[PDB]
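In: before the rest arrives, take these chain(s) from the complex:
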Amino acid sequence: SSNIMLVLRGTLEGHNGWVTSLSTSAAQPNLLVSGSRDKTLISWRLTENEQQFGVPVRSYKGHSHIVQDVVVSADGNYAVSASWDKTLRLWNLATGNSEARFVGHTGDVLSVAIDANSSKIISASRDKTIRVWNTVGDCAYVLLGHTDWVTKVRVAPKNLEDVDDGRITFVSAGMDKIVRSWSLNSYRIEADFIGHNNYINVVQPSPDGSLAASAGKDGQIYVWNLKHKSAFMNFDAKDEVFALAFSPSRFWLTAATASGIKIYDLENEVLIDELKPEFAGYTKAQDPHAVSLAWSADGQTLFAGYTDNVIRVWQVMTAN
């Protein structure tokens, strides 16, 4: 069932480091902000005309070191960048100038998260701490509880929780081999998740906000319930799964293995497609794997940022 094929449609060249992270806003479907190892963000405007799927719009210089995680705002006009210089930068997606410079992390920041609304900034850093900031730039909360580096923090979207609660729930994980849930208004702890043999590289709540998908070094992908606080399922990737992403339309998990990109069909608990682009002049042992994955707003296109300084887009082309 669902004989869905996805074919590479364009390549977004222009970066100079590994495209570490990607982000896309639901409101604005034709804009894609990507941060790389070249200490710069790039805003891409997508064109449905011919080979190249997008067009760079603005480069955001101002970061001294590696740019690790990138997050765009809900409205699609602001972008928060986490870099390896222990600072966070807020950028206007049109002006190109920085608005706020969040400072206070003693370790280089690995991940940042946007609030569901435009209120709070959640950042994870190597200093074993999480920081909650206002949009102005000051740090409101210093959440502790992790004894090691925290690699990833992305918010669980409130879908239909009771009506309304005004409570901000997200997850955090890193080299503590644990996954933690946090709730904000106040701004304290929630349930735990301990399933990983090795350390967690990346976690990601489902688009609805009721499934949390975590991955690590051993390629053991775990799916948990947050609102039910229990495990949902478990798979093995048998390679180094660098990043993973849910899909808005389909019930899918893209996983960036060290060999290629797997897609797992969640309802059938079986992988369906494997993505391995064709390079040239290599030795098959160092083919550029994927580090960033991001689906489109509708769920029709997939952006993968590799280690060869390239974004590649796979458009869903169902060949019957």
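Out: That came through fine. Numbers count the residues shown, from 1 in each chain, chains lettered A, B, ... in the order given.
In: only C-alpha atoms from now on, for both contacts and neighbour counts.
Out: Noted.
In: quick one: residue A:12 from residue A:303, how far?
Out: For residue A:12, the distance to residue A:303 (CA to CA, to the nearest Å) stands at 9 Å.
In: now do the shared contacts for these two.
Out: Common neighbours of residue A:12 and residue A:303, counting by CA atoms under 8 Å, 6 or more residues apart in numbering, are A:311, A:312, A:313.
In: from those, which is closest to residue A:71?
Out: residue A:311 (16.6 Å; CA to CA).
In: isn't that closest one right up against residue A:302?
Out: No. In this structure, residue A:311 is not within contact of residue A:302 by CA atoms under 8 Å, at 10.0 Å.
In: could you turn the buried ones of the shared contacts of residue A:12 and residue A:303 into a PyMOL selection?
Out: To isolate the buried members of the shared contacts of residue A:12 and residue A:303 in PyMOL, using 16 or more other CA atoms under 10 Å:
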select buried, chain A and resi 311+312+313
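In: the shared contacts of residue A:12 and residue A:303 into TSV, with extra columns for distance to residue A:95 and secondary structure?
Out: Formatted as TSV, the shared contacts of residue A:12 and residue A:303 follow (distance: CA to CA, whole Å; DSSP: H, G, I helix; E, B strand; the rest coil):
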residue	distance to residue A:95	secondary structure
A:311	24	strand
A:312	27	strand
A:313	26	strand
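In: what would the shared contacts of residue A:12 and residue A:303 look like in JSON lines with distance to residue A:295?
Out: Below are these laid out as JSON lines (distance: CA to CA, whole Å):
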{"residue": "A:311", "distance to residue A:295": "13"}
{"residue": "A:312", "distance to residue A:295": "12"}
{"residue": "A:313", "distance to residue A:295": "10"}
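In: give me phi/psi at residue A:161?
Out: phi -60, psi 140 (degrees, to the nearest 10).
In: comparing residue A:12 and residue A:303, which residue is more hemmed in?
Out: Neighbours were counted for residue A:12 and for residue A:303 using other CA atoms under 10 Å; residue A:303 has more, 24 against 21.
In: helix, strand, or coil at that one?
Out: strand (DSSP: H, G, I helix; E, B strand; the rest coil).
In: for it, give me its contacts.
Out: Applying CA under 8 Å, 6+ apart, we find residue A:303 in contact with A:22, A:292, A:293, A:294, A:295, A:296, A:311, A:312, A:313, A:314.
In: let's add chain B too:
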Amino acid sequence: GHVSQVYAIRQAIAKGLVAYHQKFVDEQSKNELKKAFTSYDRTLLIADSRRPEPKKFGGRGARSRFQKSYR
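Out: Below, chain B sits with the chains from the block before:
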């Protein structure tokens, strides 16, 4: 000196054009400027790495000796 100043103006004008196009114009414009520049006299956008060598005792030059007698 004179020619050093001239090369300084060269690089300054080129870098100003590139930076302005990056900041306020567009990405492709700046990339096209960089393709036109760096394909010609790379120093137009990259500062020269060569700087003078400190002098040392035992010679009138930075890396030259005075002379020997032997007799």
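In: can you count the residues close to the residue in chain B positioned nearest to chain A?
Out: The nearest approach of chain B to chain A comes at residue B:27, 5.5 Å away (CA to the nearest CA). Around residue B:27 there are 22 other residues, counting by other CA atoms under 10 Å in any protein chain shown.
In: contacting residues for it?
Out: Shown in contact with residue B:27 (CA atoms under 8 Å, 6 or more residues apart in numbering or on different chains): A:56, A:57, A:58, A:59, B:21.
In: recalculate using a threshold of 6 Å.
Out: A:57, A:58 (CA atoms under 6 Å, 6 or more residues apart in numbering or on different chains).
In: next one: phi and psi at it?
Out: Per-residue torsions, residue B:27: phi -80, psi -50 (degrees, to the nearest 10).
In: from residue A:96, how far out is it?
Out: Distance, residue B:27 to residue A:96, using CA to CA: 11 Å.
In: measure residue A:179 to chain B for me?
Out: Distance, residue A:179 to chain B, by CA to the nearest CA, to the nearest Å: 40 Å.
In: mind listing the helices for chain B?
Out: B:2-20, B:27-38 (DSSP state H).
In: make JSON lines from those and add distance to residue A:196 to it.
Out: As requested, the helices of chain B are exported to JSON lines (distance: least, CA to CA, whole Å):
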{"stretch": "helix B:2-20", "distance to residue A:196": "47"}
{"stretch": "helix B:27-38", "distance to residue A:196": "43"}
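In: so of those, which one's packed in deepest?
Out: Greatest average neighbour count among these goes to helix B:27-38 (a mean of 15), per mean count of other CA atoms under 10 Å in any protein chain shown.
In: and residue A:225, bridged to which residues?
Out: residue A:211, residue A:230 (DSSP bridges).
In: that one reaches residue A:213, doesn't it?
Out: No. Assessed by CA atoms under 6 Å, residue A:225 is found out of contact with residue A:213, at 9.0 Å.
In: quick one: which of those two has more around it?
Out: A count of neighbours by other CA under 10 Å puts residue A:213 above the other of residue A:225 and residue A:213, at 22 against 18.
In: tell me which element that one is part of?
Out: In this structure, residue A:213 sits in strand A:211-216 according to DSSP states H and E.
In: so which other helices or strands are in contact with that strand?
Out: The helices and strands touching strand A:211-216, judged by 3 or more CA pairs under 6 Å, 6 or more residues apart in numbering or on different chains; DSSP states H and E, are strand A:200-205, strand A:220-225.
In: add one more, call it chain C:
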Amino acid sequence: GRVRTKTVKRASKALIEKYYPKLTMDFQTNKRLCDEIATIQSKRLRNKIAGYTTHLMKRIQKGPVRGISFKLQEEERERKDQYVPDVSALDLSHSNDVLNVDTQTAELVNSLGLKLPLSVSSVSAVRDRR
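Out: One more piece, chain C, placed on the ones above:
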């Protein structure tokens, strides 16, 4: 003329042998690991140590290498060593319970006073010219 003298090589070897699960393929992550898990005094030595650690990690990823060892590799070696075939490789499991000998060891078996089902065959005492 970069040869990476004793200190960096030994430190990287110990780093791998004590921290393989945490080390990665990337230079920058391993640089941060070298900063946090080890007290290298200067930073040029830190960069050299991280670089050689990355090189040794890449060599390990390509395959097993001499000198260095770690928990996972020695466990794998022990598990491969514990391999014992279920099928017998002796006691005439092959050649339909018949093993071939010559006269001399047949008389050896006979004088030993043991039954030992055998199969005689002359060895054609003419030797190969090589």
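In: what packs on strand A:211-216 again please, this time with chain C.
Out: Against strand A:211-216 (3+ CA pairs under 6 Å, 6+ apart) you get strand A:200-205, strand A:220-225.
In: off-centre distance for the last one?
Out: It refers to strand A:220-225. In terms of CA atoms, centre = their mean, to the nearest Å, the centre of strand A:220-225 is set 16 Å apart from its chain centre.
In: ok, now the first one?
Out: Averaged C-alpha coordinates place strand A:200-205 at 8 Å from its chain's average position (CA atoms, centre = their mean).
In: got the contact list for it?
Out: A:152, A:156, A:174, A:175, A:177, A:211, A:212, A:213, A:214, A:215, A:216, A:243.
In: ok, that strand: who's next to it in the sheet?
Out: Going by DSSP bridges, the partners of strand A:200-205 are strand A:211-216 (antiparallel).
In: tell me the most buried of the helices and strands packed on strand A:211-216?
Out: strand A:200-205 (a mean of 26).
In: pull out the buried members of the contacts of strand A:200-205.
Out: The neighbour-count criterion (16 or more other CA atoms under 10 Å in any protein chain shown) marks A:152, A:156, A:174, A:175, A:177, A:211, A:212, A:213, A:214, A:215, A:216, A:243 among the contacts of strand A:200-205 as buried.
In: around chain A, which positions in chain B sit nearby?
Out: Taking CA under 6 Å from any CA of the partner chain, the part of chain B that reaches chain A is made up of residue B:27.
In: 7 Å instead, please
Out: Within chain B, the positions adjacent to chain A are B:26, B:27 by CA under 7 Å from any CA of the partner chain.
In: the strand holding residue A:213 versus strand A:220-225: what angle between them?
Out: Counting by axes from the mean of the first three to the mean of the last three CA atoms, to 10 degrees, strand A:211-216 lies at 160 degrees to strand A:220-225.
In: what does strand A:211-216 rub up against?
Out: Applying CA atoms under 7 Å, 6 or more residues apart in numbering or on different chains, the contact partners of strand A:211-216 are A:198-206, A:221-226, A:241.
In: stretch A:280-295 now?
Out: Residues contacting stretch A:280-295 (CA under 7 Å, 6+ apart): A:19-23, A:242-245, A:247, A:256, A:258-260, A:301-308.
In: ok now that stretch, how far from the chain's centre?
Out: Taking mean C-alpha positions (CA atoms, centre = their mean), stretch A:280-295 and its chain are 18 Å apart.
In: report the buried residues of it.
Out: A:287, A:288, A:289, A:290, A:291, A:292, A:293, A:294, A:295.
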